[PDB]
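Residue numbers (PDB author numbering), protein chains in the order written: chain B, 2 to 460; chain G, 2 to 460; chain D, 2 to 460; chain E, 2 to 460. Structure, as structure tokens:
Protein chains: 4
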Amino acid sequence: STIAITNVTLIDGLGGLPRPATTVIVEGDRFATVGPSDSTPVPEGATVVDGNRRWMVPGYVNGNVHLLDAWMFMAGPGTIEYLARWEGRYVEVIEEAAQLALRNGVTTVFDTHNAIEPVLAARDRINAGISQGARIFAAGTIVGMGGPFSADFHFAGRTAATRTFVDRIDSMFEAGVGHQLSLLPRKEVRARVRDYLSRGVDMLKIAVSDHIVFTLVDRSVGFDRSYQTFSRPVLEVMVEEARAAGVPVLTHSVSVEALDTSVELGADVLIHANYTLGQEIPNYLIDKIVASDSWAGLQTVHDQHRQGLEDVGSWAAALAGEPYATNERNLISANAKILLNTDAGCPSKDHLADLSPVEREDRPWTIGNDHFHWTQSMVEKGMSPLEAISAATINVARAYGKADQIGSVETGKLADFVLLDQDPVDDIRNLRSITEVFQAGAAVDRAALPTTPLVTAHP
Amino acid sequence: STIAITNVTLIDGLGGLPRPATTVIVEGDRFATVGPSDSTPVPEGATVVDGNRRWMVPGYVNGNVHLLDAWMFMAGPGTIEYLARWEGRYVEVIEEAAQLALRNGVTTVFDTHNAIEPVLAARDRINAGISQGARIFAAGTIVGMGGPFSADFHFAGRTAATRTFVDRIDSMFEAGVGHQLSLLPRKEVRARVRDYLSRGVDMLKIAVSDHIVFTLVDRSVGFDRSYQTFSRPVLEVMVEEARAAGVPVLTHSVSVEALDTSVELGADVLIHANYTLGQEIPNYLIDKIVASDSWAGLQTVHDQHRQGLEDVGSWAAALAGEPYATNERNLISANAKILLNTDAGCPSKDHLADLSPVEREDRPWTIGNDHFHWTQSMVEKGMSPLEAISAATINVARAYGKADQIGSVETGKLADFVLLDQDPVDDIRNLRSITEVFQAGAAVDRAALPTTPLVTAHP
Amino acid sequence: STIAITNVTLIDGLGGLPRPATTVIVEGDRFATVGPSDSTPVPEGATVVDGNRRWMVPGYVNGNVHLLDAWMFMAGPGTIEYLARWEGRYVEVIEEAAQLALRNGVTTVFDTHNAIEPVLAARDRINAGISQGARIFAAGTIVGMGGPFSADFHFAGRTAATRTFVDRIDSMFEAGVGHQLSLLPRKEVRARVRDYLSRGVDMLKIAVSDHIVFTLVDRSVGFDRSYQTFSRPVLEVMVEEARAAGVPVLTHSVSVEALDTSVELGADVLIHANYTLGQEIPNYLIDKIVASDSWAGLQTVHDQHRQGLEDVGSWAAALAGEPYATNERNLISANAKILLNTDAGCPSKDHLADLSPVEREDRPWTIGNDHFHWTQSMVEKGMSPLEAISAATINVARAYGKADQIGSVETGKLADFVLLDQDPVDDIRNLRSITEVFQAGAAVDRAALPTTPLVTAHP
Amino acid sequence: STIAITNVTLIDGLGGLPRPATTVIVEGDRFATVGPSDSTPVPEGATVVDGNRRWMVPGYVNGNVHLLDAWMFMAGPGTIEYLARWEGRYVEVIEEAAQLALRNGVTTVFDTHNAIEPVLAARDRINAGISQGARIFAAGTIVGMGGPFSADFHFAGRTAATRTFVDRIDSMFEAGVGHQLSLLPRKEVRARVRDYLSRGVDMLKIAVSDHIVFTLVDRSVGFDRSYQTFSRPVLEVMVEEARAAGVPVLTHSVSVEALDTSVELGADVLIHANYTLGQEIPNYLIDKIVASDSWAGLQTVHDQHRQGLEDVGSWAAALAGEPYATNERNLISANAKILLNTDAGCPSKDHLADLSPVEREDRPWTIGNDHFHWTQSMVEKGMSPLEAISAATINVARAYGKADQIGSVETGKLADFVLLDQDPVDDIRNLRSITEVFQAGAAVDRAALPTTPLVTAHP
């Protein structure tokens with residue numbers, strides 16, 4: 002169809018004032034003309050879309066989620082069942098999460114940890130309109146990290162499951178890259194980091210620091226025992242390669258140091274720079290990130306979500322309060338360039354059942370809720386009700402080099418948009434009320450989504 | 002309807018001399034009339050089917066298996082994934098379990114330990130010929146023996162798998178019966194054995210003594226603790242109820258104590274009969290058994306498999322090794338009334354895979370191979386091949402009281418039998434070489450089984 | 002020199018009204034003459050005691066304790082270090098606990114589970130006067146149970162400690178009995194049971210039920226499984242052999258059966274009586290105990306300490322409230338027959354530091370404060386102050402057959418007794434105030450006790 | 002004093018043609034003269050010692066040892082008992098081991114991981130002649146590794162004992178260092194290092210890669226997973242302070258990086274240099290090392306032990322074979338320095354008892370054979386018993402800057418020397434020939450050692 006959406010009150014999300022009396026046309030995919038005129042106008046064959054009493058915000062863009070849920074895998078009881086159920090139809094399961102986002106208005110997602118052949122499949126099944134879902138740029142595995150049954154993720158179950166299964170699934174995820182590279186000389190690293198890269202992942206996440214946490218973490222004490230995965234020399238050896246392909250660089254930082262190094266490594270996208278596992282980002286580095294110009298994603302929680310979570314002693318609750326949010330504001334109020342990151346996904350129905358109602362009410366990490374929560378809380382961090390959005394908008398997409406394409410709302414750009422019911426401003430939570438989601442200049446049947454309920458099957 | 006045989010050389014299945022040049026005829030399941038007159042009638046319209054060069058042996062009746070394969074449950078691992086994928090298809094995974102008894106010749110099966118619902122629904126489905134398999138009378142669960150994920154079975158996996166999942170399944174097996182009742186005053190236990198009987202188990206199997214033996218196993222002091230779950234006045238209570246509902250009473254016994262205990266009640270069948278855990282059976286017993294009217298189940302391993310388990314140190318080898326055989330035989334060579342008992346069921350294609358190729362060839366614990374294994378080994382413990390197949394066929398029937406229904410090939414009994422190229426009387430193992438298999442006056446398509454494959458699907 | 006005590010108020014604690022203005026006269030230990038008169042005079046050349054405005058109570062006797070901490074163990078952790086450090090000095094740890102017992106006024110103590118080598122020798126040491134301490138009786142191991150580093154106790158550490166140490170330190174306990182005993186023929190048990198009793202244990206405590214409730218560790222839950230360690234022929238096979246040596250048979254029973262069987266052998270002392278684990282003893286059984294001639298050892302906790310533990314949720318908090326306190330009133334309300342049973346001991350210096358001060362204060366299971374607490378709660382359950390007083394003194398002696406020697410100020414009997422400022426009758430907590438402690442005629446120096454501080458030495 | 006030990010064939014341990022027909026004068030430690038002459042002659046008034054038929058070597062110095070024997074603490078079981086029992090006598094336990102070193106000829110011992118207060122006390126005591134042991138130098142703990150109940154050491158351990166004893170003991174090592182250093186900025190990592198030396202540990206060791214053999218405990222997959230405890234700037238900052246103090250800095254490296262990072266920094270000693278954890282030092286790195294001028298300690302085994310080890314199931318067996326071994330070979334022959342390195346000490350009598358008799362004879366990690374086994378296996382890998390004999394002496398001396406004090410019988414040097422009844426140059430193995438041992442000029446009574454035995458005391 003060729004469509005005209007009329008009488009929209011438009012948030013470009015660029016940061017400009019919202020403008021009412023705005024009428025947007027779509028050509029093909031592709032936004033066409035943006036102006037009010039009275040209209041613009043309509044080419045008589047153009048499909049009508051009535052935009053009275055609604056808003057257009059650019060289609061939401063999530064910079065961090067895992068289409069197959071690693072927060073659970075990291076979480077981790079229930080990793081084994083969810084992998085064994087759903088094995089071999091994973092690629093359709095990945096497309097499940099991709100839909101839940103889009104259903105909630107996220108047109109495009111960046112996934113930083115997954116199984117590469119199913120997540121590439123998914124990225125291929127979705128773009129070609131074989132499979133309904135959100136546009137996915139595949140991160141691949143995160144380099145230097147082991148499988149779902151390794152450490153880095155839930156470690157027991159190495160002993161509770163058949164060895165042949167436990168390794169089987171790992172090799173899917175780990176591919177030829179990953180954590181054994183610790184030991185070995187960069188020569189062979191260099192070798193195996195482009196054989197991998199040649200696989201078509203959009204991006205590279207270089208795991209600069211350890212993923213061993215729930216495994217080691219202490220039952221009274223909070224965090225400790227951060228480590229550093231790779232040699233400082235070995236670390237450029239993958240940045241050179243990453244630079245060579247044209248994929249940008251994403252980085253796992255978990256400690257004040259290794260964040261520093263990640264900033265010195267010139268990494269395009271910093272994934273959870275706010276979790277420094279410790280002291281707040283030394284008031285030094287903020288003015289290096291800010292100064293040395295690479296984008297910074299923060300992952301957040303409400304106070305109200307936290308207030309509950311320590312009330313129930315969630316132990317994933319420590320991350321919410323405590324030096325971590327008292328640390329982001331500095332970057333916010335220092336105008337660090339900010340990204341939408343909630344490590345996220347679509348968990349097994351049983352793992353929701355274990356959590357307290359307090360805990361799974363409005364859970365940030367659940368892929369439908371995540372971008373709303375994040376946009377709601379960030380303001381709680383001293384952020385105007387805009388930018389907030391984009392925020393999710395341009396800033397995740399400015400930070401990958403997808404900015405010219407997504408999105409949007411501007412002429413000659415992919416037409417991905419969401420229509421709201423109510424003012425996004427003073428109440429940032431209105432992003433939830435969505436009369437329509439358009440993608441690639443196309444309508445989404447939101448009412449019936451997902452296309453095939455799989456991981457939402459109970460019983 | 003019709004079908005008959007010519008000039009077959011049959012073992013009457015009572016250990017009577019095989020009479021060659023002999024013939025069966027049979028109309029509409031159960032056998033019509035047998036013996037040659039060197040005219041055995043053909044009343045025309047009749048299936049001319051050749052019996053030369055092959056033998057007529059009654060169908061195998063395996064008096065212990067586990068259609069959900071509970072053996073794999075007391076660990077190894079690989080239960081967690083197994084129960085997860087397959088949950089809600091359970092009836093099918095079992096029926097496939099049942100079929101692989103038919104292919105390898107077992108025409109009838111009693112399941113000592115299962116979940117009542119999908120095993121009864123598997124039986125209720127077969128019995129109606131709604132599906133293919135070996136006739137099941139299904140004890141349901143065992144009384145006093147609880148969750149697949151508790152102790153008794155896969156103890157690790159409370160912590161590896163979510164509580165919802167574990168709690169959901171644990172209830173699937175326990176019924177109203179199970180672990181607790183160790184606690185209940187017995188007259189209220191009376192309620193909950195009885196609620197259980199009315200459900201439709203064809204029999205009742207109480208666990209006189211623990212299953213904790215295998216979680217922990219442990220540490221290679223190759224024996225050392227047993228316990229007992231109920232008090233005798235509860236046993237004598239439990240058997241009373243088992244009597245009036247008309248069901249056979251079966252008994253799990255793992256200690257020198259607890260067999261004398263098991264027999265006194267009047268249990269018809271003693272599963273795990275030879276397993277005394279660190280001890281040879283007392284003559285005082287070898288007498289209590291031989292004199293007092295009860296059947297002993299025995300489970301055994303090859304002499305070329307025995308030293309395989311010992312070699313790779315399989316931690317199953319404690320059973321193969323040491324006092325079980327000298328304890329086995331002393332029941333055979335005291336002339337006890339024994340039974341074909343092998344715990345078994347389909348294992349994870351993976352749980353198979355972790356195993357050594359030694360453990361894999363000749364494996365006792367598969368549903369297909371286990372009777373071939375059993376009859377073979379049992380002669381190696383000093384049986385008479387003709388008599389051991391009595392253990393395979395009539396003996397199991399007479400235990401549960403099924404002799405008038407199944408067993409030996411006599412007149413008026415269910416028409417179930419097997420035709421073999423080589424000779425059982427010469428070599429019992431050559432009960433393997435089958436050409437035709439018939440259950441209920443019906444040929445079985447020997448290639449189709451298991452129809453819908455799940456656990457077997459390779460890869 | 003013939004201790005002679007004038008003007009006191011004597012609680013005979015046979016229940017009778019305390020008689021003031023009374024002097025009891027001691028001739029070389031073994032009290033000779035209680036008096037009315039006014040005094041029934043002070044023969045001559047006797048030592049001087051000053052009794053007016055003070056109360057003499059019988060020197061308390063303890064119907065269960067653990068000198069080597071058993072309690073703590075079950076625990077769990079803190080056993081690997083405590084038993085490791087004090088190895089071979091064990092024998093002095095025993096007396097040290099009974100150095101702690103005496104100074105608060107416990108003049109006699111019955112230990113149930115302990116290590117014969119240390120437990121018995123220490124008593125031989127104490128009685129003949131080599132070491133200061135409170136008289137010891139000592140069942141040795143509980144036949145039917147293992148030791149500290151197995152199940153029944155601190156399971157863990159098996160895999161965290163040395164196999165050589167592991168095996169060495171149980172089998173200090175286990176002796177000939179406990180693991181094994183379950184396996185063997187009754188015939189071989191009664192040889193081993195007879196053999197062990199030969200070592201002069203004063204008692205036979207047999208574990209009628211299991212001691213593993215702590216693999217039954219669980220939260221969101223409470224205990225479900227209990228087992229009965231031996232068959233009935235073995236349990237009464239033993240009680241024969243205890244009858245041989247003329248020793249009392251004590252029973253360990255945590256199920257509603259089990260306790261019932263304990264009853265059916267006529268066990269002289271029921272240890273753990275009120276603990277049937279999650280069930281309430283039916284009044285048929287409350288009646289079975291009261292009619293059948295045997296004693297109910299009753300373990301207790303503060304209504305406050307319950308309210309104390311219930312808050313910080315001590316992992317032992319479940320026996321404090323719950324069906325376990327609520328019944329036992331049942332046993333006493335019905336004139337049950339009573340005995341002062343407090344599993345108790347002297348924990349490692351650390352074992353206390355791991356405890357919330359709401360548990361380090363007024364702890365029931367610390368051998369110092371152990372009896373004071375038990376009496377205080379027994380009045381709350383519904384005892385007349387004296388009869389709790391009678392039952393913390395003579396009953397326990399009368400249960401085991403010691404009322405020939407200890408427990409009442411009736412003459413002939415051992416001179417154990419205690420003097421306090423305050424009247425226990427109008428507050429039984431005012432038993433707490435000790436002025437003098439006299440054992441076997443002799444005064445106790447309560448200032449320097451324990452003589453050599455070991456476990457009380459910090460650090 | 003004037004000690005003169007005469008007509009010995011002297012090896013000053015410089016790698017020359019040995020010096021037969023010699024007499025060396027000791028005047029008050031600190032050798033006065035050396036020349037064959039006839040003697041030189043003797044100054045009388047003097048201890049003339051029989052030098053008949055015997056050699057003189059300066060006596061060994063071990064450049065890697067733990068006097069709490071932390072090779073067991075990863076083992077780990079049997080860590081707890083050891084630390085639990087000896088505590089408070091820890092100071093005597095350290096001195097305990099230093100005597101077995103002196104008993105076997107090690108005249109000076111370098112201690113690379115321990116608790117400060119005990120070891121600096123033990124050190125300071127031996128120097129002060131207030132106790133008898135091999136002189137101590139003692140790096141203190143190794144920075145970046147936490148207590149022995151943490152990762153890097155005994156697991157499980159930590160959850161199987163009190164949290165106080167775990168916390169008290171842990172802290173005692175960590176000294177302010179290890180673990181958290183991970184958490185905190187280079188700027189306050191720096192300051193926290195400055196405080197540490199303040200007590201004067203005599204060198205600095207810093208773990209460039211992690212101690213976690215036992216977060217990976219898979220036979221089969223085996224060795225994978227390595228980490229670095231510090232980013233390069235933190236190693237940098239740590240390194241200079243170590244210079245500002247003038248303590249030799251030593252490196253713990255287990256990856257092909259680390260090692261390549263450790264030479265980059267210029268840690269004098271690289272400990273664990275031949276351990277690539279699964280990879281063989283690259284050419285270019287071995288010829289990087291030789292230019293680099295740092296001293297390489299290699300931990301070596303007999304081929305005799307390695308077959309023995311591997312024929313057990315010995316968990317170190319990998320460490321003997323593979324490149325782990327095949328590496329020292331490629332390092333010795335590049336004309337690269339070698340340092341005498343064995344982590345070693347005295348394990349508890351129970352730690353040894355578990356192992357096969359194969360494993361406990363000639364055990365490299367035991368402070369009795371530790372050097373001997375080591376020395377022999379250098380000549381087995383291509384050293385010259387002239388250069389291997391010294392590899393235990395002048396290198397370890399030269400490595401720490403003690404070179405003008407220890408390692409050769411030479412200019413104004415403390416008299417440490419040991420007298421052999423055999424020729425070491427002929428068979429190295431002949432370093433087991435000792436007759437007497439002289440430390441600081443004085444003889445020590447060698448069957449009198451250890452003076453007080455704690456760990457040794459069997460049983």
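A virtual CB, placed ideally from N, CA and C, is assigned to each residue, including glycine.
- Here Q305/D is exposed, its C-beta having fewer than 16 other C-beta atoms within 10 Å.
- Cα atoms of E258/E and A99/E: separation of roughly 34 Å, rounded to the nearest angstrom.
- At least one CB of chain G lies nearer than 8 Å to the CB of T216/D.
- Listed along the chain, the chain B residues whose CB falls inside 7 Å of the CB of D351/G are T163, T165, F166.
- In the three-state scheme derived from DSSP, where H, G and I count as helix and E and B as strand, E437/G is classed as strand.
- Within chain D, the residues whose beta carbon sits less than 8 Å from that of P78/E are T160, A161, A162, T163, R164, listed in sequence order.
- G267/G has a beta carbon lying at 8 Å or more from every beta carbon in chain D.
- The beta carbon of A47/G sits closer than 6 Å to those of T3, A5, all from its chain and outside the five residues before and after it, given in chain order.
- Annotation for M75/D: the continuous beta strand (DSSP E) segment containing it runs 72-75.
- Per the coordinates, the alpha-carbon of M57/G lies some 18 Å from the alpha-carbon of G29/G.
- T327/D is classed as exposed because its beta carbon has fewer than 16 other beta carbons within 10 Å across all chains shown.
- In this structure, the alpha-carbon of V291/G lies about 10 Å from that of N284/G.
- Inside the region 3-51 of chain G, DSSP marks whole beta strand (DSSP E) runs of 3 or more residues at positions 9-11, 20-23, 25-27, 32-35, from first to last along the chain.
- Contiguous beta strand (DSSP E) elements confined to the region 267-301 of chain E occur at 270-272, 296-299, taking only those with 3 or more residues.
- What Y228/D touches in chain G, judged by beta-carbon distance under 7 Å, is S183, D211, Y228, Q229, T230, going in chain order.
- Taken in chain order, the members of the region 81-107 of chain G whose beta-carbon sits within less than 7 Å of a beta-carbon on chain B are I81, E82, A85, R86, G89.
- Taking C-beta atoms under 8 Å as the contact rule, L310/E and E360/E qualify, at a distance of about 7 Å.
- Its Cα nearest to that of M75/B, the residue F150/B stands out among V25/B, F150/B, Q133/B.
- DSSP links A400/D through a beta bridge to no other residue.
- Annotated three-state conformation of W87/E is helix, per DSSP.
- Distances from the CA of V302/D to each of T80/D, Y325/D, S263/D were compared; the closest alpha carbon is that of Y325/D.
- Contact between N105/G and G369/G holds: their C-beta atoms lie close to 4 Å from each other, under 8 Å.
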